[PDB]
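Just so you know, structure 1 and structure 2 below are the same protein chain in two forms, each on its own as structure tokens.
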Structure 1
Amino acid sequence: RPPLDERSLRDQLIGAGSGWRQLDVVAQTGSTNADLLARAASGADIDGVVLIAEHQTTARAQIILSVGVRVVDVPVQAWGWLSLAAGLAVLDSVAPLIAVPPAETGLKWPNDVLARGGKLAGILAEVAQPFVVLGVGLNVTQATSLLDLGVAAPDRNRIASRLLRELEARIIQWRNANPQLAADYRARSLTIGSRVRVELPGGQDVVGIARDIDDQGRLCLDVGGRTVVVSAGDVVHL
């Protein structure tokens, strides 16, 4: 598997009106999210900073990265939309490469990108006020993978540039409260309109039809005409 070309990525992604300020690829680390968080704790401005790892403790079989996002300027109740924005960015980046009908892939609320029912990518947001660290893990040649979906020799450098472009685009929409973000999300949602079970602490299930995602990124269920909104956590598609 060819390596990521850090210099090419910088040349492409860093520039006057670009959102990205810094980009680094490391051979190995434990967790890119932990590293950006620890950079934040030590006083660095991590807004628009990108950290990509070839392997987190098979190397080069994924794209694994974290980006920093300053959130303190955005109402706190909107911060839940960042993980959603990131999933959409990921899907949009890879949907054109895969040999499966658009129908058929999409976003499983809150944190997963699916394709033919298998997990293609996952998003993890973690907060470090005034920042959020957004982590992305995309399955390239590893659940499913680009390879398993028909991409015979995925170009990880091109895919990384696409992903980061899309991520910046959606982060801008999010910062600007652009209603197009949520519209584009719902259009690619596998959860909305589906019957779902939410398994709650204490062996309490709630079963209903997912009707919407609210302005805080929460899942709105219809339970026999009553609305139940659930905070971020796993949900089971029925």
Structure 2
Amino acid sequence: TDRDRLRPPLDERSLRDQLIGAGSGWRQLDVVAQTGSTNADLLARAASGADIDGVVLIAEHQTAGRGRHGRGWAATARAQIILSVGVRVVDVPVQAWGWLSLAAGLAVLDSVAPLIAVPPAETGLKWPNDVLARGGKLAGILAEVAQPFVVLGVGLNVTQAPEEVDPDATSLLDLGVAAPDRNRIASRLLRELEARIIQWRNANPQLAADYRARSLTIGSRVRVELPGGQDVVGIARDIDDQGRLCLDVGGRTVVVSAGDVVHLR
């Protein structure tokens, strides 16, 4: 109840003023009070012929959020930054589209990293889509492919309490950021995201380099829970040029395109 006082609404006009115009690649930005899924919404626009490249959709509340692999995403009003953007990807080799998702998490991380007084342990990126802080899930990323576009979705916990959404979640407020400004964070996030998308489109090596620098997974003992229910235990060593996780399994290399990572002691 007290957190409500820490959840003023977004300022759509201000965001537009900042993010659309010379020097910026964003073409459209809308804030909606409520929707089922911002990712579904942008996919639907594309499916009816809309050019969603550089289109931004932000929702104050999201009632039927989607996670990876048919899972859900929970939210309460004004507690998160919940957005999707459209990205034209057909100009880029299909084998590289996996990196777009990794780039998105990096952008989210960089957009909020400096708000924390001192970064707790286990703060960075968990492959393939998690921004972690103090071991808690601060943000989740969902990339959905609908050539010629990919729709990139971000759910970032700003003041969202774990008790409201998920026991393994955290938020900026729960990390000690007393009065996070969603307007400022949203603007920084989208600016970081534009830069990373440009880097990705041009195969800039700095993208992979910066991702590696923030990886909590690389070098860690991991259990990876594969689509279909199988588990593989090993040590994460690298991310390949397709954005796939490379594991060391007793001296053998196992490359995973999708899975849920658990960092082990």
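Under this definition, the rigid core comprises the largest set of C-alpha atoms superposing within 1.5 Å between the forms. Numbering for residues begins at 1 and runs along the sequence of structure 1.
Following superposition on the rigid core between structure 1 and structure 2, the residue from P96, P101, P75, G150 with a C-alpha displacement of 2 angstroms or more is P101, and no other.
With the core superposed, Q28 shows a C-alpha displacement below 2 Å between structure 1 and structure 2. When the rigid core is held fixed, the Cα atom of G203 travels 2 angstroms or more between structure 1 and structure 2.
In the rigid-core superposition between structure 1 and structure 2, residue position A16 carries a C-alpha shift of 2.8 Å. Overlaying the rigid core between structure 1 and structure 2 leaves the Cα of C220 displaced by 0.6 angstrom.
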